[PDB]
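**Q** This is the structure I want to talk about, given as structure tokens.
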Amino acid sequence: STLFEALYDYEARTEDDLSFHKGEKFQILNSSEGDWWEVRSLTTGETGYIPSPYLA
């Protein structure tokens, strides 16, 4: 349920994951898979996956 800003730019590896850019805002919907987390961007509204150590 918590939010975060992108620490550095990123570009989707499978295409079911989400791409990002320095200082873009996002929020976590689910973290339970440990390694990859269900994310949504707040700036645009795009939803997908990211690797968890991107913020954690």
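Letters A, B, ... go to the chains of the structure tokens in the order shown; residues in each chain start at 1; ligands are counted from 1 in the same order.
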May I have the residues within 7 Å of range 6-23 of chain A as a ChimeraX atom specification, using only C-alpha atoms and disregarding those fewer than 4 positions away in the same chain?
**A** /A:47-50
**Q** Record the distance separating CA of residue 25 in chain A and CA of residue 40 in chain A, expressed in Å with one decimal.
**A**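 Going from CA of residue 25 in chain A over to CA of residue 40 in chain A, I get 8.9 Å.
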**Q** Can you tell me which residues surround residue 2 in chain A at a distance of at most 9 Å, considering only C-alpha atoms, apart from same-chain residues fewer than 2 positions away, and format the answer as a list in words?
**A**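 My list of contacting residues is residues 4, 26, 27, 28 and 29 of chain A.
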**Q** So that I can check the surroundings of range 30-32 of chain A, please list as a list in words every protein, DNA and RNA residue that reaches within 9 Å of it, counting only C-alpha atoms and ignoring chain neighbours fewer than 5 positions away.
**A**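 Counting only the stated atoms, we get residues 1, 37, 38, 39 and 52 of chain A.
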**Q** Based on the backbone DSSP call, show me all residues of chain A assigned strand (DSSP E or B), as a ChimeraX atom specification.
**A** /A:3-5,10,17,20,25-30,36-41,47-51
**Q** Need the shell around residue 24 in chain A: protein/DNA/RNA residues with any atom at most 8 Å away, counting only C-alpha atoms. Skip same-chain ones fewer than 6 positions apart. Format as a tab-separated table (two decimals) with C-alpha atoms, in the first residue's frame?
**A**
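Wrote it out as result.tsv, contents follow:
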```
chain	number	residue	atom	x	y	z
A	5	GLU	CA	10.15	7.36	-6.11
A	6	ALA	CA	12.37	5.62	-8.75
A	41	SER	CA	2.84	4.05	-11.25
A	43	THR	CA	2.34	9.63	-12.46
```
